[PDB]
Amino acid sequence: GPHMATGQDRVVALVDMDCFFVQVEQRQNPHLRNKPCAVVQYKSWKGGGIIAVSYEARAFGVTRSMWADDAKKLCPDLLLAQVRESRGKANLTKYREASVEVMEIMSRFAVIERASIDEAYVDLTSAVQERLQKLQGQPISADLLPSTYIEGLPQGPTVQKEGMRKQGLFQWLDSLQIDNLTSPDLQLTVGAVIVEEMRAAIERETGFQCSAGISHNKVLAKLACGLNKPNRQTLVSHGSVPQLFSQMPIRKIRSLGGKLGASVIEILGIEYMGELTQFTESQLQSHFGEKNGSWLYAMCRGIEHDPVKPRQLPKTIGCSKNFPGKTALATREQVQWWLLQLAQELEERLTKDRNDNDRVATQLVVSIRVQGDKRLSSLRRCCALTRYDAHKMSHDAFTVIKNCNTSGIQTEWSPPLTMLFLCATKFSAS
DNA sequence: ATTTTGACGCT
DNA sequence: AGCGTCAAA
Ligand SMILES: [Ca+2]
Ligand SMILES: [Mg+2]
Ligand SMILES: [Mg+2]
């Protein structure tokens, strides 16, 4: 009771751009705005693979990973924007640069952890304390929270979505204890005010809309974010966790969407996150290991301590290309030419990175896949990255992989290569 | 024949 | 160091 830590010590937000690559293309081409549209890579095979989908097109059932020919079967008027191709491969530069726009805006408000090209965690604890001091116990107006949902509300004794949103927000604000600067619910509420301001700044200065979750840790913030998409933000309080988790499939919590979450379900014979509360910490550790067991015991109670790491820039810079089916590289000069294309894109991005961010990569990671291999990577080998030189980098990658060739033949390559991947890693300040 | 990414844990 | 997991668009 009095010594039971409740995981209410921080205010953490997760901001995620809505249908991000689509929004980048729609900002560039106004003909695509407010339309069912998608972003596609390549075009020859089945119209290209869809990698992002507007909410208008999602209403027709269009999804990511769909071939555009099939998506057009669901959505005959679907508009498409193609990823740029350079040196024979898809090139994501436009989206990386849009991401920088958004991340630099967010960093004005607080320390951020770049979580992916279009999402960042925000540690708002300090900013919240300062805003609380400036407000002088003044109550928080619903007008400061015009796109915020309070998960779990309204409850107790309208048929429209905005009307529900407002009633729950009213109930929340009417219950708030604003005279206590230490109340975690008030801190989350002020966090939500700041996130409204952050999201307005992002939209004003880029045109991009986003959603956000606000809660006491990264996992709950990430979950909250997805509850009301697009263009809305959701506050998940500590008190909301029991009800929220009671029907929440385990696979919806970050890191449990894969094999571990499957084993939790299988071994324990449960379906929802809240059912985890009925096991002791030692039981969970026995099944899933010391670290996972401790994490699960705390997480099913809404508690998690993983910090928002101060890192706005990616730690690796990589280029990769698949060679599916019959395109798999079967000659030496094929392998070498594609290694060079990858190395040239890598050198461009690396030189830009060094100029912008005062750092130099020191290691080159070469990874390949062989035809008929189960895994995504069949082999991974490192070498020194000493010069931002695409010919040297491609030569060194070839040197470290040349020995994979089972061909007794000079020119030929066997087994054929279905994937090449060059990654620059191990950055040092420059 | 989703493809092209990025972070982190285990041994 | 190399492999595997989990996740983004
Ligand atoms: Ca997104
Ligand atoms: Mg995202
Ligand atoms: Mg997504």
Side-chain angles (χ1 to χ4, degrees), chain A residues 14 16-25 38-54 63-71 81-86 88-96 98-99 102 113-121 208 218-219 222 225-226 251-263 288-292 295 306 309 311 313-328 342 345-346 349 363 365-369 371 373-383 400 418-426:
Chain A
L14 182 276
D16 181 76
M17 315 303 300
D18 298 322
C19 54
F20 184 46
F21 289 14
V22 165
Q23 278 201 92
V24 176
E25 298 296 336
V39 170
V40 300
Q41 287 184 135
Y42 306 118
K43 206 85 181 62
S44 318
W45 187 264
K46 301 183 169 176
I50 288 186
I51 62 171
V53 186
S54 84
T63 61
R64 164 183 295 143
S65 100
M66 204 160 266
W67 297 117
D69 289 349
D70 298 332
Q82 291 186 63
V83 177
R84 172 182 311 114
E85 277 173 49
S86 322
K89 67 182 289 304
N91 186 295
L92 308 173
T93 296
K94 184 199 300 187
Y95 316 110
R96 290 198 185 98
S99 178
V102 173
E113 175 183 347
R114 181 195 202 265
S116 78
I117 200 164
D118 85 320
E119 66 203 88
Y121 295 93
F208 300 146
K218 291 161 83 173
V219 159
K222 175 50 171 168
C225 186
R251 72 177 172 279
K252 305 302 187 176
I253 275 53
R254 200 230 304 159
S255 78
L256 299 187
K259 282 191 193 176
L260 171 65
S263 66
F288 311 111
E290 188 187 301
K291 195 171 82 93
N292 286 338
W295 185 86
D306 177 42
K309 288 156 189 55
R311 192 196 62 243
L313 309 171
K315 313 164 78 152
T316 49
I317 296 183
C319 312
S320 70
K321 184 142 182 50
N322 290 359
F323 306 95
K326 42 83 201 193
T327 62
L342 290 175
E345 188 193 313
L346 194 57
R349 287 162 60 193
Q363 186 174 69
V365 178
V366 193
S367 164
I368 69 180
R369 193 172 60 202
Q371 201 161 45
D373 185 291
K374 54 223 161 303
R375 302 149 294 167
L376 261 64
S377 163
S378 308
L379 176 125
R380 191 249 220 201
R381 295 288 194 269
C382 58
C383 71
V400 294
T418 50
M419 188 270 296
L420 294 174
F421 175 46
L422 297 181
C423 197
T425 70
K426 292 202 196 306

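Below, chain A is the first sequence line, B the second, and so on; all start at residue 1.
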How about [X] and [Y]: do any of their side-chain heavy atoms sit closer than 4.5 Å?
| X | Y | value |
| --- | --- | --- |
| A:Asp16 | A:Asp118 | yes |
| A:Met419 | A:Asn322 | yes |
| A:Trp295 | A:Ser255 | yes |
| A:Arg380 | A:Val365 | yes |
| A:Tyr121 | A:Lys222 | yes |

Q: Take A:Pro324 and A:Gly318, find for each the nucleotide of DNA chain B with the closest heavy atom, and name the residue whose nucleotide sits nearer the 5' end.
A: A:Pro324

Q. Start at the 5' end of DNA chain B and walk down; is the nucleotide closest to A:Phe323 or to A:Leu313 reached first?
A. A:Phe323

To the nearest angstrom, how far is [X] atom [atom1] from [N] atom [atom2]?
| X | N | atom1 | atom2 | result |
| --- | --- | --- | --- | --- |
| A:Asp373 | C:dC3 | CG | P | 10 Å |
| A:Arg369 | B:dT4 | CZ | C1' | 12 Å |
| A:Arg114 | B:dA7 | CZ | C1' | 11 Å |
| A:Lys89 | B:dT2 | NZ | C1' | 15 Å |
| A:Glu85 | B:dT3 | CD | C1' | 12 Å |
| A:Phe421 | C:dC3 | CZ | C1' | 14 Å |
| A:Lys321 | B:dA1 | NZ | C1' | 11 Å |
| A:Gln363 | B:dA7 | CD | P | 14 Å |

Q) Do you see a donor-acceptor pair shorter than 3.5 Å between the side chains of A:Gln363 and A:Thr425? A) yes

(Q) Is it true that A:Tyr95 and A:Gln23 share a donor-acceptor pair across their side chains at a distance under 3.5 Å? (A) no

Looking only at side-chain atoms of [X], point me to the closest of [options].
| X | options | result |
| --- | --- | --- |
| A:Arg380 | C:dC3, B:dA1, B:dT5 | C:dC3 |
| A:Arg311 | B:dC8, B:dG6, B:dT4 | B:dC8 |
| A:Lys291 | C:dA1, B:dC10, B:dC8 | B:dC10 |
| A:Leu92 | B:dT5, B:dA1, C:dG2 | B:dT5 |

[X] side-chain N/O to [N] phosphate OP1/OP2 under 4.0 Å:
| X | N | answer |
| --- | --- | --- |
| A:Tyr95 | B:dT5 | no |
| A:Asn322 | B:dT2 | no |
| A:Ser320 | B:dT3 | no |

Q: For the pair A:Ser99 (side chain) and A:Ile117 (backbone), establish whether a donor and an acceptor sit closer than 3.5 Å, ignoring hydrogens and angles.
A: yes

Q: Indicate, with a heavy-atom threshold strictly under 4.0 Å, whether A:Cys319 touches base, sugar-phosphate, or nothing.
A: sugar-phosphate

Q) Using a cut-off of 4.0 Å between protein heavy atoms and nucleotide atoms, how would you tag nucleotides 4-9 of chain C 5' to 3' with B, S and -? A) SSSSSB

